[PDB]
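What follows is one chain in structure tokens, specifically the form deposited in one PDB entry.
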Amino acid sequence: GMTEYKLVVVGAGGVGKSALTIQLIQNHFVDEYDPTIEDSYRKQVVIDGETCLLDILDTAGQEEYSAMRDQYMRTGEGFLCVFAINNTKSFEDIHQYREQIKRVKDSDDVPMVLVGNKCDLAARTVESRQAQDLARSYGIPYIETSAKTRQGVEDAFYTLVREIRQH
């Protein structure tokens, strides 16, 4: 039947990365969540008129298990590389995440999107132009998202699915 896409979220810890998938998969309209619930990370969606199933792996909180990244990344067909727009270090981490994905997938052309995440009202330190330039240097889309208003969230995942479909 319908295609299932195995998506993997990667990025620095401690800066609200988990809000991306929570807000997507959520009862979009009731702010509540049980992640232990079987298939709290599976979602049927319609993208460009084509129904599909998203299976999202987000290991947020396990960042210190750095030798498990390959194990987790290997499951994925497409990747969301997430940094926080108020944390320059998380933005600088992106290059190595991308290199590690290319290595695990043994490909220089892995479907992926760069996501700049606004996780609080603290001052932005990564300007959108910096992140656009980085994404363009990699040849991948850039999406900014809010961890509070759900803005950009659907765009981030749907854009990634389009990258997979057009690979």
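Quick note: we count residues from 1 along the sequence shown, nothing fancier. Between two forms, the rigid core is the largest collection of C-alphas that superpose within 1.5 Å.
There is another form of this protein, the form deposited in another entry, and it is not shown here; the text below is about that form.
Considering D109, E99, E127, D120, one residue stands apart with a C-alpha shift of at least 2 Å between this form and the one not shown following superposition on the core, and it is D120.
Once the rigid core is used as the reference frame, the Cα position of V15 differs between this form and the one not shown by 2 Å or more. Once the rigid core is overlaid between this form and the one not shown, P35 counts among the residues whose Cα shifts by 2 Å or more.
By 3 Å or more, the C-alpha separation between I37 and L54 grows in that other deposited form relative to the form shown here. Panel note: the distance between the CA atoms of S146 and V30 is smaller in that other deposited form than in this form, the difference being 3 Å or more.
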